[PDB]
């Protein structure tokens, strides 16, 4: 049967656990869990019944990604390789049930010119890595915080953010090209034209008013991921878990 896959930027795994992440996992039982912004050193006992692969950043409390699964992992790959993205613990992958699952955390450029230029540069290198992965031809599912909203429908305040990191013209164009290289935006496919977000700031009732951005993605090639929605029944981090069904063949 199909596998339930969840991608989730936890904003610090220990913080998410304190808010109830293990309880959410106990109830929802994703077959594959792709985590971003783990921050912590590996915590293989945190979610009972899950095998885990961890790729922490060099800096304490910073970035870090992980893949957890109820089925055994195969060919765990830590990093790309890429000097800076590996130092920041931003990409991990493993094969589960014949599908290459990748957990990716792309950098924010919000802090200023320095990190925006970093983001622009490493996203070209990340695109090269993804395109080579697609040319290999094995089925792939990417769960990632990309820190990019694609179209106007993807953020409530689009008119006020066309000059802000995450919605800059070249970043929207990058996302179009990312999908055109051979990836389906599974949440958008499942939503049609409906608006749904994956991140809300902690400032000024933004979560309750649904003033959000869609910056987390489930992207697929060679396999369909259906039923994808954000889960807003919990507030385990600034993001919502994004979950759907991977229709294995």
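Numbering follows the first chain given and starts at 1.
Per the PDB record, of the two stretches 201-209 and 63-71, 201-209 carries the greater mean B-factor over its C-alpha atoms. Here the stretch with the larger average CA B-factor, out of 5-13 and 221-229, is 221-229. Highest C-alpha temperature factor among 179, 155, 97, 148, as the PDB entry reports it: 97. Of the candidates 173, 103, 131, 111, the one whose C-alpha carries the top B factor in the deposited record is 111. Sort the chain's modelled residues by C-alpha temperature factor and residue 115 lands in the middle third, per the entry. Per-chain ranking of the deposited C-alpha B factor places residue 163 in the highest third.
Ranked within its chain, residue 82 lands in the highest third, by CA B factor from the PDB record. Compared with the other modelled residues of the chain, the Cα B-factor recorded for residue 41 ranks in the highest third. Residue 136: CA B factor in the highest third of modelled residues in this chain (values from the PDB entry).
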